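Notes for the one structure printed next.
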Amino acid sequence: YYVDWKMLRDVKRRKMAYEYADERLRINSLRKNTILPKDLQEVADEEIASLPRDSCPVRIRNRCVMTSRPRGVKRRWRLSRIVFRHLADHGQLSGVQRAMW
Amino acid sequence: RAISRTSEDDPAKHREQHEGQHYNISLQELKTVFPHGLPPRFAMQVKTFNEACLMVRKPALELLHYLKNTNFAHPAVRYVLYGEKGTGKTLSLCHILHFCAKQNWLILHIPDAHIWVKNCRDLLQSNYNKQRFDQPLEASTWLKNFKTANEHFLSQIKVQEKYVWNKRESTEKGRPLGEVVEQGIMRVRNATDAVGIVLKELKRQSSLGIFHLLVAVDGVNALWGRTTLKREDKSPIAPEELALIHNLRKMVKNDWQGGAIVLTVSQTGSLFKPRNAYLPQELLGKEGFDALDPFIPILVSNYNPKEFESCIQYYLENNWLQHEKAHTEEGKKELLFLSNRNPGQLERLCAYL
Amino acid sequence: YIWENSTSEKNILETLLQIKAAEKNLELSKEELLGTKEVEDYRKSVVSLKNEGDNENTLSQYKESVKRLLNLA
Amino acid sequence: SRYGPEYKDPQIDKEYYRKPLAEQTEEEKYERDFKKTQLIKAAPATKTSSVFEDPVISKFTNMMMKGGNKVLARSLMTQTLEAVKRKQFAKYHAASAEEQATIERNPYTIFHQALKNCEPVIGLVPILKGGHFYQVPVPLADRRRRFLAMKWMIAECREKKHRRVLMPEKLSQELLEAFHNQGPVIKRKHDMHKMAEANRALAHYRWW
RNA sequence: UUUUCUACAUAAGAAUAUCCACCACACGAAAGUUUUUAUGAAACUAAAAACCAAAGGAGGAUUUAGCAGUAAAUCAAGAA
Ligand SMILES: Nc1ncnc2c1ncn2[C@@H]1O[C@H](COP(=O)(O)OP(=O)(O)OP(=O)(O)O)[C@@H](O)[C@H]1O
Ligand SMILES: Nc1nc2c(ncn2[C@@H]2O[C@H](COP(=O)(O)OP(=O)(O)O)[C@@H](O)[C@H]2O)c(=O)[nH]1
Ligand SMILES: [Mg+2]
Ligand SMILES: [Mg+2]
Ligand SMILES: [Mg+2]
Ligand SMILES: [Mg+2]
Ligand SMILES: [Mg+2]
Ligand SMILES: [Mg+2]
Ligand SMILES: [Mg+2]
Ligand SMILES: [Mg+2]
């Protein structure tokens with residue numbers, strides 16, 4: 001069990017994106033180039049939009065891996081701001097100290 | 001104890017031992033010799049002092065010596081003045097200008113060529129050539145200044161050509177050139193074309209023995225650099241598009257006889273040039289330096305210790321330095337250090353101490 | 001910068017023939033004028049000036065070449 | 001304040017050090033200045049040992065500054081002294097024999113004298129008593145009077161000048177006006193005296 | 001007006017709410033219309049240009065901040 005239903009949805013979304021990552025890249029190349037005929041580009045737009053909705057990189061949401069907080073998450077540690085302080089204040093993170101200057 | 005104004009005023013007999021000496025020039029003399037733009041810092045100084053004085057500089061003496069040996073049979077000789085900002089390059093040119101006026105020479109003096117390049121309110125397309133522009137406001141002002149510079153030559157010169165202004169008025173051959181410039185002043189639309197006609201007529205007739213032609217152009221680097229002025233599309237125009245620059249460009253290429261041109265490359269009015277750059281090559285660029293060889297690059301320097309004392313003593317004679325302690329040697333040392341014995345910086349300091 | 005087939009070279013030819021015509025000297029040849037020692041001094045000065053760049057001595061060398069080429073002292 | 005209580009204000013006047021042998025008490029003062037090993041603050045950027053500076057000019061220059069443009073404020077103060085000098089020089093030329101040796105051509109003398117005529121002699125401070133405010137005159141200190149004169153100069157030439165007329169020339173005109181005791185600043189000084197004299201019976205309210 | 005524009009680091013040129021026989025004009029659109037670019041499956045989001053030039057002419061009772069490299073002015077990067 002993931003910590004929340006929202007976290008489970010993200011795992012399905014990331015998994016679907018990985019499967020269709022290469023196929024989307026090949027089709028999206030045709031659209032983003034102006035040297036191909038406009039007739040072919042219109043057909044490509046139909047095919048790229050016919051792919052499943054969840055297979056979109058923009059729909060991927062970055063959460064915390066511990067508490068699944070949708071925002072306030074540092075990208076480096078992939079942790080929420082509350083959990084990061086909880087680990088750092090106890091000295092359980094290497095090289096992290098209270099800033100004084 | 002310094003000698004400031006004891007030297008007798010004569011541009012012809014100025015010798016080397018008279019270095020760092022001020023010679024008086026009459027106020028009415030400035031009116032008939034400098035109708036164009038005198039430098040604003042110097043023009044303000046003479047108005048307050050009510051006395052016009054100029055110090056004999058080494059570059060002025062060096063250029064004076066070459067002028068006395070000029071051979072009018074030989075083609076034109078190009079002299080250029082270069083140096084750092086505030087060294088009195090314009091006043092050195094004005095010293096040459098007064099000398100040639102005293103010898104009754106034909107004067108073509110340009111106060112600042114940058115004015116004809118930047119900040120033009122009116123941009124009228126030309127008629128002689130469709131792909132060229134006109135600057136009536138700048139051209140008309142120069143003609144009025146040139147008209148008052150000399151009057152004897154404006155009537156002595158006879159125009160031998162066929163010139164048509166419009167379908168209603170025209171000027172035929174035999175008319176004095178003074179009537180042509182007066183037509184250009186009254187008719188501002190064709191004033192720019194009048195400037196080209198005046199320039200080309202003098203150049204063609206300069207080969208005769210009736211002329212002692214001197215052309216003074218200040219800011220020659222503006223004849224080849226890029227121009228700020230744009231067009232209806234707000235696109236920059238080349239410096240060759242302007243008719244005034246294009247015709248004046250023909251006045252510096254060494255092909256005519258019986259004349260000499262004194263040039264000066266400056267930085268104060270330059271466009272797209274850095275503050276520190278003062279040497280002739282970078283100011284002119286590749287194209288500017290290419291169409292100017294050969295020349296004599298006379299260098300203008302700062303004050304020497306002898307000159308510095310003379311300038312300070314000159315102000316004390318006019319009671320300009322009004323500070324209580326400015327009369328002591330300690331004040332003189334501070335002026336030397338702060339101004340770096342540079343004439344331009346010294347004038348700014350003395351204006352408020 | 002190469003001296004051969006240059007715009008500065010064209011100016012020198014025009015500058016020298018005018019003096020020769022003014023002095024009424026009927027000798028006119030490309031080899032004669034371009035083989036002069038003074039022109040060789042001019043060639044060295046211009047090439048050095050455009051390549052090395054502006055300098056106090058470089059301009060001083062340029063002054064000497066022009067003064068001797070124009071018979072001005 | 002990065003300076004501790006031990007640090008003191010440096011002495012800049014060079015003449016104070018070059019001729020100490022003509023006095024005894026002052027010699028004891030500065031010989032103990034370093035014998036006590038008292039630390040000295042760094043020299044401020046504005047003040048300098050140049051003989052051409054003046055303390056009243058620096059204070060006036062600082063107040064003219066808006067934001068952080070010391071260059072612009074110094075530039076304006078340079079032109080104003082020049083502008084005053086130009087006007088006095090022109091007036092000297094167009095004068096008779098007796099009028100010639102009357103006009104002052106020293107802007108520093110004019111500037112110092114102008115401010116000494118714009119300083120009020122007695123100010124006003126509100127005092128609350130009985131639920132109402134009474135304007136009670138007080139003998140303003142010398143520093144306040146000197147500062148108040150400078151503020152009036154700046155306030156006048158910033159507000160009621162025209163948009164076309166430049167700042168350096170407008171301030172130059174008022175300095176000459178104050179030098180002759182006829183400027184609007186002098187009028188404002190008299191107006192403060194009018195109110196102080198009117199409330200001359202309320203001076204008993206103040207308790208110092 | 002200690003202002004605006006351009007060149008450029010700070011010594012320059014030019015403009016400047018007014019005159020008018022007609023004109024046309026200063027400061028100030030960040031807004032809005034149109035076009036284009038960037039991201040993205042999707043532009044409704046952001047940015048650039050052209051056109052456009054409105055309120056605003058130092059703000060009522062009252063009120064906030066700062067003791068020195070501080071206030072204020074100006075520039076830059078980073079987090080997501
Ligand atoms: N020969 C001189 N005699 C007296 N005063 C001089 C002389 N030369 C220069 N000055 C003073 O120095 C000022 C600078 O002169 P000028 O404007 O000619 O300088 P410039 O070097 O040509 O400047 P820029 O860099 O603007 O081209 C003059 O206004 C004058 O006050
Ligand atoms: N209005 C007018 N101007 C003329 C006429 N002829 C010559 N000019 C002017 O004289 C100047 C010299 O032109 P020019 O150098 O001979 O032209 P180019 O041969 O193309 O370089 C030009 O700027 C013209 O404006 C004419 O018939 N009418
Ligand atoms: Mg839960
Ligand atoms: Mg798209
Ligand atoms: Mg997202
Ligand atoms: Mg100059
Ligand atoms: Mg300016
Ligand atoms: Mg505007
Ligand atoms: Mg605007
Ligand atoms: Mg907008």
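Throughout, read-outs are computed from the coordinates displayed, never taken from laboratory work. Here Cβ is always computed from backbone atoms with ideal geometry, including for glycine, and neighbour counts include all displayed protein chains.
The table below lists the values:
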{"item": "Given (1) closer than 25 Å to B:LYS13 by Cβ; (2) out of contact with any strand residue (DSSP E or B) (no Cβ under 6 Å at 6 or more places or on another chain); (3) within 16 Å of ligand 6 (Cβ to nearest atom); (4) within 14 Å of chain C (Cβ to nearest Cβ), number of the condition B:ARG57 does not satisfy", "result": "(4)"}
{"item": "Verdict on B:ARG226 being closer than 27 Å to B:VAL262 by Cβ and either in contact with a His (Cβ under 9 Å, 6 or more places away or on another chain) or surrounded by fewer than 20 Cβ atoms within 10 Å (Cβ to Cβ) (or both)", "result": "yes"}
{"item": "Test result for B:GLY174, touching a residue at least 24 places away in the same chain (Cβ under 8 Å), part of a loop (DSSP other than H, G, I, E, B) and away from ligand 2 (no atom under 15 Å from the Cβ)", "result": "no"}
{"item": "Any chance B:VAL56 is among the aliphatic types (A, V, I, L, M) and over 14 Å from B:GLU307 (Cβ atoms)", "result": "no"}
{"item": "Boolean, B:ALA73 is on the phi < 0 side of the Ramachandran plot, more than 16 Å from ligand 1 (Cβ to nearest atom) and not hydroxyl-bearing (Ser, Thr, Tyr)", "result": "yes"}
{"item": "Candidate set from the range B:14-54 (those that are within 16 Å of RNA strand E (Cβ to nearest atom) and within 14 Å of chain D (Cβ to nearest Cβ)); member that is farthest from the chain's Cα centre (by Cα)", "result": "B:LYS47"}
{"item": "Spans of helices (runs of 4 or more DSSP H) in the range D:3-101 with at least 3 residues under 30 Å from D:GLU169 (Cα atoms) and among the charged types (D, E, K, R)", "result": "D:70-93"}
{"item": "Pairs where the first residue, in the range B:259-288, is within 11 Å of ligand 1 (Cβ to nearest atom) and the second is part of a strand (DSSP E or B) and of a type outside the set (A, V, I, L, M, F, W, C), C-beta under 7 Å, 6+ apart", "result": "B:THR264/B:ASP218; B:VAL265/B:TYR82; B:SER266/B:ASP218; B:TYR278/B:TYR82"}
{"item": "Residues located in the range D:83-108, provided they are of a type in the set (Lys, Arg) and either more than 9 Å from chain B (Cβ to nearest Cβ) or touching a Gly at 6+ places or on another chain (Cβ under 6 Å) (or both)", "result": "D:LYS87, D:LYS91"}
{"item": "Check on A:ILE35, surrounded by 13 or more Cβ atoms within 10 Å (Cβ to Cβ), away from ligand 6 (no atom under 16 Å from the Cβ) and not small (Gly, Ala, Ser)", "result": "no"}
{"item": "Total residues in the range A:79-92, condition outside any helix (DSSP H, G or I) and touching a residue at least 12 places away in the same chain (Cβ under 8 Å)", "result": "2"}
{"item": "Test: residue in the range B:323-342 that is surrounded by 15 or more Cβ atoms within 10 Å (Cβ to Cβ) and away from chain D (no Cβ under 14 Å)", "result": "yes"}
{"item": "Filter pass, B:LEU283 being within 12 Å of chain C (Cβ to nearest Cβ) and either within 29 Å of B:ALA76 (Cα to Cα) or touching a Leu at 6+ places or on another chain (Cβ under 8 Å) (or both)", "result": "yes"}
{"item": "Candidate set: the range B:253-264, residues that are closer than 26 Å to B:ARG132 by Cα and within 12 Å of another protein chain (Cβ to nearest Cβ); chosen: the one farthest from ligand 2 (Cβ to nearest atom)", "result": "B:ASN254"}
{"item": "Residue within the range B:261-277 that is aliphatic (A, V, I, L, M), crowded, with 21+ Cβ neighbours inside 10 Å and touching a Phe, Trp or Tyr at 6+ places or on another chain (Cβ under 6 Å) present", "result": "yes"}
{"item": "Test: residue in the range B:237-245 that is touching a residue at least 40 places away in the same chain (Cβ under 8 Å), within 16 Å of ligand 1 (Cβ to nearest atom), farther than 20 Å from B:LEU177 by Cβ and more than 14 Å from every other protein chain (Cβ to nearest Cβ)", "result": "no"}
{"item": "Some residue of the range B:250-263 being more than 16 Å from ligand 6 (Cβ to nearest atom), in contact with a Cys (Cβ under 9 Å, 6 or more places away or on another chain) and over 19 Å from B:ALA139 (Cα atoms)", "result": "yes"}
{"item": "Sole exception among (1) within 30 Å of B:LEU208 (Cβ to Cβ); (2) touching a residue at least 24 places away in the same chain (Cβ under 8 Å) for B:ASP293, by number", "result": "(2)"}
{"item": "Hits in the range B:199-218 (condition: assigned to a loop (DSSP other than H, G, I, E, B) and either in contact with a strand residue (DSSP E or B) (Cβ under 8 Å, 6 or more places away or on another chain) or within 16 Å of ligand 2 (Cβ to nearest atom) (or both))", "result": "B:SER206, B:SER207, B:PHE211, B:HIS212"}
{"item": "Pick from the range B:76-98, criterion charged (D, E, K, R) and under 18 Å from B:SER339 (Cβ atoms), ranking: surrounded by the fewest Cβ atoms within 10 Å (Cβ to Cβ)", "result": "B:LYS85"}
{"item": "Residue that is farther than 30 Å from A:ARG78 by Cα, within 9 Å of RNA strand E (Cβ to nearest atom) and of a type outside the set (A, V, I, L, M, F, W, C), where the choices are A:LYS38, A:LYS32", "result": "A:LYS32"}
{"item": "Residue selected from the range A:48-78 under the condition within 16 Å of A:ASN28 (Cα to Cα) and among the hydrophobic types (A, V, I, L, M, F, W, C), by the criterion nearest to ligand 5 (Cβ to nearest atom)", "result": "A:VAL58"}
{"item": "Qualifying helices (runs of 4 or more DSSP H) (wholly inside chain C; at least 2 residues being farther than 15 Å from B:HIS74 by Cβ and within 12 Å of chain B (Cβ to nearest Cβ))", "result": "C:7-22, C:37-52, C:56-69"}
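A quick yes/no check of all residues on (1) within 16 Å of RNA strand E (Cβ to nearest atom); (2) assigned to a loop (DSSP other than H, G, I, E, B); (3) more than 20 Å from the chain's Cα centre (by Cα):
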| site | (1), (2), (3) |
| --- | --- |
| B:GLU240 | no, yes, yes |
| B:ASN254 | no, yes, no |
| B:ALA260 | no, no, no |
| B:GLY269 | yes, yes, no |
| B:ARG275 | yes, yes, yes |
